[PDB]
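This document opens with one chain alone, in structure tokens, the form whose entry title says "closed state".
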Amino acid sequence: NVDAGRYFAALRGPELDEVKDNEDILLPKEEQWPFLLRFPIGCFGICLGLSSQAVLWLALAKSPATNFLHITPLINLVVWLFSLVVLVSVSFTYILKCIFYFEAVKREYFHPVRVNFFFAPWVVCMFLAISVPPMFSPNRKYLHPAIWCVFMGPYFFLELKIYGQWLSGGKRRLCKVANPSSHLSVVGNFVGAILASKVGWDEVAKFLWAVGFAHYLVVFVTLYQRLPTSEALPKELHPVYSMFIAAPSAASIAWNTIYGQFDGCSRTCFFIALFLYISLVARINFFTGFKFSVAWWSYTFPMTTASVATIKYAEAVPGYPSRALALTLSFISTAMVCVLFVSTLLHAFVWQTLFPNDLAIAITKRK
């Protein structure tokens, strides 16, 4: 199939889903495509945004810190049930695409940007597994190991192949193909540590942490040098950079679980995430220039994971300065989801513009 050199020279845009002014495609543009062909793999971001909020709201209802508010536990029950409904629908609809349009899927699997989104279905399931409502699992001492193996099996199996082609001469190297959204494949390992520690296997959790950190360091520095991938890193500051915060925030939570309390290895990761958050939200150009797009839902994923981590920090350092920080980050992140949630409905049933023709999968081979 087409390489990424032909995917970086015909598609331009921060997410790279936009045809340039010279390229030619193989399908009619004005004509309406079949619904299945117009269903991109970027719709899984909806599950990521909703699932993360379920984890965050549980912390506000069970954590010893932030207790005076008296947050009822029904928020997690309502959010968790609704989140699962969407996941069972997007996954079911996508499967039909593979059976009837397996040819189109292979095009996305080679897309430089959409490759890393294949991990979303497994990551989303993990969040709903480590934040199950207390009502459904009363007297829960330790989760059965089967949950970890089933959901951490397919991820790890596909983990080896992608990670193994970065140190090679094949075209798909970390240098030839890379982008700000490349962290989505290295965040599962950190998130998987929490699930493992909740089933009884503690040594295994340490294994995932080492794997996650080693690749994150490589994937972090590589996005500061001159890499063949051009037109992907947006000029100035763009929301696509929010994925930088997903990794450090998740890593900090993992350490607090295996080793019980914040060591020097938990605060430092948290402080790195906080620095990036300030440099991406403490700007008057962030709350003024906003355009609704499907990719936005995926950008709330790292702005909500930080809120979960910050609450844990406030638990080990009680005080007014810490409470304000924890109770303010969780408000900005939750506010964005509410705005996005209302906006999506209007574009679905009022304007009918959520699923336009996907011109990024119709680039002709060669020139």
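Residue numbers run from 1 along the displayed sequence. Rigid core (definition): largest C-alpha set, two forms, superposition within 1.5 Å.
As for the form whose entry title says "open state", it is not shown, yet the points below apply to it.
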*asked:* Listing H238, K97, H215, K198 as candidates, which single one shows a C-alpha movement of 2 Å or greater between the shown form and the other one when the core is held fixed?
replied: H238
*If we fit on the core, is the Cα of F286 displaced 2 Å or more between the shown form and the other one?*
yes
*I162 C-alpha relocation of at least 2 Å between the shown form and the other one, rigid core basis*: yes
*Any chance the CA of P145 moves 2 angstroms or more between the shown form and the other one, core superposed?*
no
_With a change of at least 3 Å, which way does the C-alpha separation between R283 and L329 go in that other deposited form: closer or farther?_
farther
*asked:* Distance change of 3 Å or more between the C-alpha atoms of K235 and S298 in that other deposited form: closer or farther compared with this structure?
replied: closer
